[PDB]
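Coordinates in review
This is what each chain is made of:
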Amino acid sequence: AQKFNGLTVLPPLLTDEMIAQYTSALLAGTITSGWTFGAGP
Amino acid sequence: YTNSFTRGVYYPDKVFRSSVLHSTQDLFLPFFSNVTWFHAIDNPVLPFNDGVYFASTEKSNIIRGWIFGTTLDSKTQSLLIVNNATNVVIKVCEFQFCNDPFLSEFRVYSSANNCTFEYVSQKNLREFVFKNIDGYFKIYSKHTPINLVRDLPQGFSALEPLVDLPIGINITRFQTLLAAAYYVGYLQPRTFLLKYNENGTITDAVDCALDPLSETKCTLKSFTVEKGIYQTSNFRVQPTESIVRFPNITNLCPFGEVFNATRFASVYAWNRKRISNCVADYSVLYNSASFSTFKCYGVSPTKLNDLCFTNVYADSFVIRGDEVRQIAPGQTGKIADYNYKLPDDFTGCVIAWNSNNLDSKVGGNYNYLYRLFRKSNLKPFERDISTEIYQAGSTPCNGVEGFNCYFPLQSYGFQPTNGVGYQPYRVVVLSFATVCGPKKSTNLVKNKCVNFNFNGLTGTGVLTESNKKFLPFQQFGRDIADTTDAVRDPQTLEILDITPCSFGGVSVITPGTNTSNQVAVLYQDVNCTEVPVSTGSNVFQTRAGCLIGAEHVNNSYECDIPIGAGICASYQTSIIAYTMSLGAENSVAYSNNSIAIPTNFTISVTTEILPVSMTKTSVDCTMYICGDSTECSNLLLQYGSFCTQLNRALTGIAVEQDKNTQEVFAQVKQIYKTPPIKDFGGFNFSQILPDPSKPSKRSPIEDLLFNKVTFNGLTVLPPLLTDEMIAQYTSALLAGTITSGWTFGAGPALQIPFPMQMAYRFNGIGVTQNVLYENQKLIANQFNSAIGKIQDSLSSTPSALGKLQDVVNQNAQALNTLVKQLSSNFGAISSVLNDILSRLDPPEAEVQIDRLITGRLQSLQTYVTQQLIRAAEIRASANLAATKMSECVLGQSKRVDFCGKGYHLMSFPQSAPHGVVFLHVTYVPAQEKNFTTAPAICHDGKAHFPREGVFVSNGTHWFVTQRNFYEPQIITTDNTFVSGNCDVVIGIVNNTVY
Ligand SMILES: *[C@@H]1O[C@H](CO)[C@@H](O[C@@H]2O[C@H](CO)[C@@H](O)[C@H](O)[C@H]2NC(C)=O)[C@H](O)[C@H]1NC(C)=O
Ligand SMILES: *[C@@H]1O[C@H](CO)[C@@H](O[C@@H]2O[C@H](CO)[C@@H](O)[C@H](O)[C@H]2NC(C)=O)[C@H](O)[C@H]1NC(C)=O
Ligand SMILES: *[C@@H]1O[C@H](CO)[C@@H](O[C@@H]2O[C@H](CO)[C@@H](O)[C@H](O)[C@H]2NC(C)=O)[C@H](O)[C@H]1NC(C)=O
Ligand SMILES: *[C@@H]1O[C@H](CO)[C@@H](O)[C@H](O)[C@H]1NC(C)=O
Ligand SMILES: *[C@@H]1O[C@H](CO)[C@@H](O)[C@H](O)[C@H]1NC(C)=O
Ligand SMILES: *[C@@H]1O[C@H](CO)[C@@H](O)[C@H](O)[C@H]1NC(C)=O
Ligand SMILES: *[C@@H]1O[C@H](CO)[C@@H](O)[C@H](O)[C@H]1NC(C)=O
Ligand SMILES: *[C@@H]1O[C@H](CO)[C@@H](O)[C@H](O)[C@H]1NC(C)=O
């Protein structure tokens, strides 16, 4: 797992500060609404 | 001067091709290149580098011909083409040049000499192409109507071959003869991409090294590219200077006592000499006076004066001519066995010479003695000097020679009358840092990109002084995995580091061919400081790399083209780069005593597509590898049973692609039919039921789906079940689910009217049956509207059936690559077997056939291994379709999001060319409202709880309603149970119970 010799590592499309936002949104939705937000308004 | 607007293409070879794109790699005239506008109204001498483009335009026959040559004069061979009549002429003698060949004037050929071929035989542009390769002379031409005033028209048309000439005369000159327009251009090796039409004429072309868009087109093998990101080429930096640092000392090596020595020694007493601390000039020995030969093992004699060695050892001895062949590794003989032994890895040279004039005297010379037997073979580089009497028999001897005991040494009969096989010979062997060569030096550079040439070490890198603490005896520093990153100079004593040159990939971002024609490039993991000519006003640095050609904006969109690190690109209709936005901002007004309940609903339909099976293939071995040949088949039996295994694997794959269809579709024992009259309560099913007016007996949606998407020992097998049988199975399932509910998957089929079934399904989600019966017309209308929009949405953008198309494309790209691999040498002379045999005799024609067998065998194993991995992915998809059919078609599912987004009601299957399409029906609420709630009611010192519902309040009164649809009612003892007193619960309220 080193450089040279034509080996490269590409960065992921989504960072970690975005996965944190997604998981916070899911938590807020399940706390404040219940199971309703997954099947409509 | 003028440029060239896409002009000068010609037919490469004599092959007919139709409606196919091709890639060629020979000499052309690069697009948009500068040319010379010679005007004669004058004729100079122009060079000839690999090809010339010619053109002219005149209303009268001013242009006559050409005078080729290499050293044009009256002293060498030449070539002459002129047209002074209705005939042409060709000659290979000429040799009559002058300083003004302007020519019924014919003052060109003053003389003549040994002549050759006599092909004397039979405005507007007239373009020509001349090239001289492989000892043949070829020309091309075309004539077209034209009207212009200055340079050249637009458009293009290719040129066709005219003649050929096996001249063989080198050409390094070029002239012209007149009697207007006369252009000149040169040729260069490039790579193109040509398009043919049905009749077989070149009609378009694109270059590969003009612009990045052309590179993308060439790498994708198409003229139109859709939006996305692509990998095109690679990027690396070239060195600039050179460094040849070398040792300091200077002293000529002493070879006189080695090569020009006066008196030699005996072979059995060969001397050993050591040469060190010197600089040699080996090349002088390689010319000198050719002694006998210069056979060198391990190193090349020609490239010897650039290497530094650490110790040089030379041995000299005298032998005869016949024993010369024994001085080599892996040789046997008296000299090889008991006089001199060479190791099998000898890296040196052997020089010998005939010395009949110094080591031979009349009568024979007995000064030289050689050993002829010993107790054991000599080790390499071992000398024996003992002269003890050898015992060659059972009878012992003690220092006395005689019977069965002879002297170990014998003398040579070196007489001057002896033959060259018995004439004396002197042989010296060199067995190759201190002994360097005649090189030079150069000052050392820091922090630049150069290629270094140390003593036997070569490479490229950036040299920097580094804080590598060193024990004061070591030079070469290495990191993990054995990378050389430290050197010690041969002149000073300093420690450096070796770091490589920057490299990375290049990617191109495009918004589509039919949208615009501008691109942006992304140099991966490279800082925007080492990327010069590429250069522009827009240079932006990201985490992925350097982006050239896009601007930065401070507003967030929902992105389409991905780049990396949460950065995307788009088009404004002008390419912009920005940061992603996850979604809209929302917040629910949470409170301690507030609730929301819907007052209406909608019905939705959502589709889903799944692949099921792939195509069955079988490949024969002996036809693919050898092919109609009897000599090749014999050589393949010694490889064992490597071909039964492949057929077994492919057959195992093929059988499995026939139980997936059975597991998915064959789930009913009987075949059900729909009733003749269709009155189902207001619901219309004509878009999914089969029609009788069409021959295929398929529903309209199935018809739209089926219209939307579609040698060498390669075969394709047919499937077991046909499309008609699959259609019958689907129709049976639909009829059963319409006329019988869900009862036919768990026993006998039981009839039930459709609205009652729909009312049953409403009870499974939490809505009472009365809601359906009092809203029948609205639900029927919504359902009928939902079905009608599927056809239009599928008739929309063809990206709908993406999943099934990729299975067809992948299974066809792999089969094309396999056939194309039959036209490669794999390190041989020819790709066809009928020229290997018909040009070589069997003993060594067989080694060149085993090289084609190894390559053609491991190309088959790559094909079989990848097919197995792809057959494991489809079986996962097939097992997910069977589960969906049982749980979402033969029942009502309570699993969230398993089939549809919302609350499940029912589903219908439809058949696709290689998969299955589901149609999910789902309940969705709407039109919310606000209310106030309480958990319990206190009445006469008791606590009252709802049975199935929620307590609500309009502001002045209290009610009880169900949880999913607003329907208020009066609180009574019939819809309430009592438990405990009302001094424990939190949030209790006061009211009355009737
Ligand atoms: C069920 O829906 C189909 C839609 O495909 C209806 O068929 C169309 O009906 C309209 C007017 O009723 C005609 O103009 C079209 O030509 C019909 N298309 C066909 C026959 O392919 C069908 O009438 C509907 N049936 C009921 C009972 O409502
Ligand atoms: C809220 O809904 C109630 C439901 O009827 C209404 O308020 C009164 O309710 C009682 C019995 O529940 C009825 O006898 C009265 O006639 C209702 N009042 C009126 C003006 O109709 C009313 O619809 C709503 N009340 C308010 C204050 O908005
Ligand atoms: C419901 O009604 C009862 C009366 O039956 C209320 O109880 C009274 O509460 C007040 C103070 O709020 C006391 O001074 C009285 O002595 C209580 N009377 C009895 C008989 O307990 C009760 O507070 C009411 N609750 C609500 C939420 O209105
Ligand atoms: C050339 O192609 C056209 C259609 O593109 C066709 O009509 C014509 O017959 C062709 N000429 C031939 C086949 O000689
Ligand atoms: C050769 O290099 C320099 C001359 O510039 C000298 O000072 C140094 O001592 C010499 N090195 C050797 C190994 O002779
Ligand atoms: C609900 O919360 C409010 C404030 O958020 C506060 O009065 C109390 O915790 C609860 N109210 C009642 C009436 O229980
Ligand atoms: C409910 O929605 C339907 C269409 O979605 C509409 O026609 C109707 O007026 C709405 N209200 C009621 C009470 O049905
Ligand atoms: C009332 O309910 C509605 C339902 O969406 C909500 O938008 C609103 O914020 C609520 N108001 C209060 C005061 O709870």
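Residues numbered from 1 in each chain as written, not as in the entry; some residues may be left out. Chains lettered and ligands numbered in written order. Part of a larger assembly, values for the part shown. Heavy atoms only, no water. Residues with missing side-chain atoms left out of burial classes, pairs and counts.

As documented in the archive entry, the model was determined using cryo-EM at 3.20 Å resolution.

Comments concerning the overall build of chain B
For clarity, the cut-off: Numbering of helices and strands runs from the N terminus; a helix is a DSSP stretch of H or I covering at least four residues, while a strand is a stretch of E covering at least two. Only C-alpha atoms enter the radius of gyration; for comparison, a globular chain is expected to reach 2.2 Å times N to the power 0.38, where N is the number of residues.
For chain B, the count of helices and strands is 16 helices and 52 strands. Here the C-alpha radius of gyration of chain B, 46 Å, is well above what a compact globule of 994 residues would show, namely 30 Å. Across its three principal directions, the C-alpha atoms of chain B cover 150 × 105 × 65 Å.

Regarding helix 9 (residues 723-740) of chain B
Residues and elements named next belong to chain B. Heads up, the rule is: The span one expects for a helix is its residue count, reduced by one, times 1.5 Å. Under the scheme applied here, a residue whose accessible area is under 20% of the maximum for its type counts as buried, over 50% as exposed, and between as partly exposed, the area being computed with a 1.4 Å probe on protein chains only. A contact between two residues is defined here by any heavy atoms of the two lying within 4.5 Å.
Compared with the 26 Å implied by 1.5 Å per residue over 18 residues, the 26 Å span of helix 9 between its first and last C-alpha is a close match. Inspection of helix 9 places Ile726, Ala727, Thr730, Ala732, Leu733, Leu734, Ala735, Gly736, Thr737, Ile738 and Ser740 among the buried residues, and these make up the whole buried set. Buried positions along helix 9 lie against helix 7 (659-665), helix 8 (700-708), helix 10 (754-763), helix 16 (847-888) and strand 44 (903-911). Immediately beyond the C-terminal end of helix 9, within one or two residues, lies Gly741, with a positive phi of roughly 70°.

Notes on the sheet that holds strand 27 (residues 449-453) of chain B
By definition, the strands of a sheet pair up through backbone hydrogen bonds, in either a parallel or an antiparallel sense. Residues and elements named next belong to chain B. Stated formally: Only strands joined by at least two bridges in the DSSP assignment are considered to pair.
With mixed pairing, four strands are arranged side by side in an open sheet as 15-27-28-31. In this open sheet, the two edge strands, each paired with only one partner strand, are strand 15 (242-243) and strand 31 (496-499). Alignment of strand 28 (residues 458-465) against strand 31, held across four bridges, turns out to be antiparallel. Each bridged residue has a counterpart across the sheet, and for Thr464 the counterpart in strand 31 is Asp497.

Quick look at the UniProt feature "disulfide bond" in chain B
Residues and elements named next belong to chain B. Rules: Counting rule for disulfides: a pair of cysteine sulfur atoms within 2.5 Å. UniProt positions are given in the numbering used here, feature names are shortened, and annotations may be inferred rather than shown by experiment.
In textbook terms, a disulfide joins two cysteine sulfur atoms at less than 2.5 Å, and UniProt's bridge between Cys208 and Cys218 departs from this description with an S to S distance of 3.6 Å. In this structure, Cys208 sits in the loop between strand 13 (202-207) and helix 1 (212-220). Sulfur atoms bridged by a disulfide sit less than 2.5 Å apart; for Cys528 and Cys546, annotated as such a bridge in UniProt, the distance of 2.0 Å is consistent with the bond. Look at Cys546 and you get buried, because its relative accessible area is 0%.

Some points on the interface of chain B and chain A
Where we set the bar: For any pair of parts, buried area is found by adding up, for both, the accessible area (1.4 Å probe) each one loses once the two are put together. For salt bridges, the criterion is a side-chain nitrogen of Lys or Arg within 4 Å of an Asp or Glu carboxyl oxygen. We call two N or O atoms a polar contact when they sit within 3.5 Å, provided that within protein one can donate a hydrogen and the other can accept it, with sequence-adjacent residues counted only if both atoms are side-chain atoms. Each residue gets one of three labels, nonpolar for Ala, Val, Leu, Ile, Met, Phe, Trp, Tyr, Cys and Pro, charged for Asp, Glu, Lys and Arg, and polar for the others, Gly among them.
Counting from both sides, the interface comprises 16 residues of chain B and, opposite them, 14 residues of chain A. The largest contributions to the chain B side of the interface with chain A come from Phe503, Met580 and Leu582 of chain B, which together make up 32% of the buried area. Summed over the shared surface of chain B and chain A, the number is zero salt bridges. Our count for the chain B to chain A interface comes out at two residue pairs in polar contact. Of the residues belonging to the side of chain B that touches chain A, the class tally is ten nonpolar, four polar and two charged.

A short note on the sheet that holds strand 45 (residues 915-926) of chain B
All names here are of chain B. As a reminder, the rule being used: Working convention: axes come from line fits to C-alpha atoms, limited for helices to the stretch in contact. Angles between N-to-C directions cover 0 to 180 degrees.
One open sheet holds the three strands; their spatial order is 41-45-44, and the pairing between them is antiparallel. Two strands bound the open sheet, and with one partner strand each, they are strand 41 (600-611) and strand 44. Direction aside, the axes of adjacent strands within the sheet are offset by 20° on average. With eight bridges connecting them, strand 44 and strand 45 associate as antiparallel partners. Paired with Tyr903 across the strands is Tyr923, a residue of strand 45.

A closer look at the site of ligand 2
Residues and elements named next belong to chain B. Going by this rule: Put simply, a residue is near a molecule or strand once any heavy atom of it comes within 4 Å of that molecule or strand.
Close to ligand 2 lie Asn954, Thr956, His957 and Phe959. Contact between ligand 2 and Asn954: an oxygen atom at 2.3 Å from a side-chain N or O atom of the residue. One nitrogen or oxygen atom from the side chain of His957 is found 3.4 Å from an oxygen atom belonging to ligand 2. By residue class, the composition of the shell around ligand 2 is one nonpolar, three polar and no charged.

Focus on empty space enclosed by the protein
Residue and element names in this part refer to chain B. To be explicit about the condition: Cavities and pockets are defined on a 1 Å grid built over the protein atoms alone: a cavity is a set of grid points where a 1.4 Å probe fits but cannot escape, while a pocket is an open set with protein on both sides within 12 Å along at least five of seven lines, and lining residues are those with an atom within 4 Å of any such point. Grid points are joined across faces, edges and corners, and a volume is the space filled by probe spheres set on the points.
Quantified by volume, the largest cavity comes out at close to 90 Å³. Residue lining of the largest cavity: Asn3, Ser4, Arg7, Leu29, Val35, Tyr53, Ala55, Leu152, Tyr183 and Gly185, and that is the complete set. Listing elements by their share of the lining of the largest cavity, those giving two or more residues are strand 4 (52-57) and strand 10 (181-186). Volume-wise, the second largest cavity comes out at about 60 Å³. In this structure, the second largest cavity is lined by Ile603, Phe683, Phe754, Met758, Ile779, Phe783, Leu905, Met906 and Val921. Of all the secondary structure elements, the ones that give two or more residues to the lining of the second largest cavity are helix 10, helix 12 (776-794) and strand 44.

Considering the site of ligand 5
Residue and element names in this part refer to chain B. We apply this condition: Surface accessibility follows the Shrake-Rupley procedure with a 1.4 Å probe radius. Residue values consider only the protein chains on display as shielding.
Around ligand 5 sit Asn248, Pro490 and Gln491, and those are all the residues in its vicinity. The side chain of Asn248 places a nitrogen or oxygen atom 2.4 Å from an oxygen atom of ligand 5. When isolated, ligand 5 has an accessible area of 370 Å², and the protein chains bury 35% of it.

Topic: the packing of helix 8 of chain B against helix 12 of chain B
Two packed helices can be described by the angle between their axes and the distance between those axes. Residue and element names in this part refer to chain B. Inclusion rule: Working definition: roughly parallel below 35 degrees, roughly antiparallel above 145 degrees, roughly perpendicular at 65 to 115 degrees, and oblique for all remaining angles.
With their axes 11 Å apart at the nearest point, helix 8 and helix 12 run at an angle of 10° to one another. The angle between helix 8 and helix 12 places the two elements in the roughly parallel class. Residue-level inspection shows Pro700, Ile701, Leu704, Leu705 and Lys708 of helix 8 in contact with helix 12, the latter providing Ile790, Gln791 and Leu794. Classifying every residue of the contact of helix 8 with helix 12 gives six nonpolar, one polar and one charged.

Considerations on the state of the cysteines
Residue and element names in this part refer to chain B. Here the structure, examined in full by the defined rule, presents ten disulfides over all chains. The partner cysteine of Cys621 in its disulfide is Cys643, sulfur to sulfur 2.0 Å. Residues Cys621 and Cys643 are joined through a disulfide that is left-handed, its torsion about the S-S bond being -95°. Taken together, the residues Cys621 in helix 4 (residues 621-625) and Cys643 in the loop between helix 5 (630-635) and helix 6 (644-656) connect sequence positions 22 residues apart. In this pair, the class of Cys621 matches that of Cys643, namely buried.

What about the packing of aromatic side chains?
Residue and element names in this part refer to chain B. For clarity, the threshold we go by: Aromatic pairs are defined between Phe, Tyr and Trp rings, using the six-membered ring for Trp, whenever the two ring centres lie within 6.5 Å; interplanar angles under 30 degrees are classed as stacked, those over 60 as edge-to-face, and all others as tilted.
Using the criterion set out here, one finds 49 aromatic pairs over all chains in the structure. Aromatic side chains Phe291 and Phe294 sit 6.3 Å apart centroid to centroid with 40° between the ring planes, which places their arrangement in the tilted category. Accessibility expressed as a relative area gives 28% for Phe291, which makes it partly exposed. Look at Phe294 and you get partly exposed, because its relative accessible area is 22%. Each ring, one from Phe373 and one from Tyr390, has its centre 4.9 Å from the other, and the planes form 35°; the classification is tilted. Within this pair, whereas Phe373 is found in the loop between strand 21 (369-371) and strand 22 (390-391), its partner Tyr390 is found in strand 22, the two being separated by 17 residues in sequence. Assessed through its relative accessible area of 17%, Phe373 is described here as buried.

Structural notes on a nonpolar patch on the surface
Worth spelling out the cut-off: Each patch is built from salt-bridge-free residues with over 30% relative accessible area, joining like charges within 9 Å and nonpolar side chains (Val, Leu, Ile, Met, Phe, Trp, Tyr) within 5 Å.
A surface patch of nonpolar side chains, amounting to about 400 Å² of accessible area, comprises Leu13, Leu14, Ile19 and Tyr22 of chain A together with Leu582 of chain B. Structurally, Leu582 of chain B can be placed in the loop between strand 39 (575-579) and strand 40 (594-596). Assessed through its relative accessible area of 33%, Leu582 of chain B is described here as partly exposed.

Digging into the nonpolar core
Residues and elements named next belong to chain B. For clarity, the cut-off: Definition used in this section: a nonpolar core is a set of buried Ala, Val, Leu, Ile, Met, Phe, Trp, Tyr and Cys residues joined via side-chain atoms within 4.5 Å.
Grouped together as the largest cluster of nonpolar side chains are 40 residues, with contacts concentrated most on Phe317 and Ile319. Elements supplying a minimum of two residues to this core: helix 2 (256-259), strand 19 (312-320), strand 20 (348-354) and strand 25 (424-431). For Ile319, the contacting residues outside a window of four places in its chain are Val267, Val324, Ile327, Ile335, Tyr412, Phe414, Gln423, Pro424, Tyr425 and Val427.

Observations regarding the pairing of strand 32 (residues 503-510) of chain B
All names here are of chain B. Within strand 32, seven of the eight residues are buried, leaving the element largely enclosed by the surrounding structure. Pairing between strand 14 (residues 228-236) and strand 32: eight bridges, direction antiparallel. Paired with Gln231 across the strands is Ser507, a residue of strand 32.

Considerations on the pattern of salt bridges
Residues and elements named next belong to chain B. Enumeration over the complete set of coordinates arrives at 14 salt bridges over all chains. Between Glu241 and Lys448 there is a salt bridge, and its shortest N-O distance comes to 3.5 Å. Residue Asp384 pairs with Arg371 through a salt bridge whose shortest N-O separation is 3.9 Å. Of this pair, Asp384 sits in the loop between strand 21 and strand 22 while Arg371 sits in strand 21, and the two are 13 residues apart along the sequence. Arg371 sits in the buried class, given a relative accessible area of 2%. One connected set of salt bridges, linked through shared partners, spans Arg320, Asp322 and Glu323.

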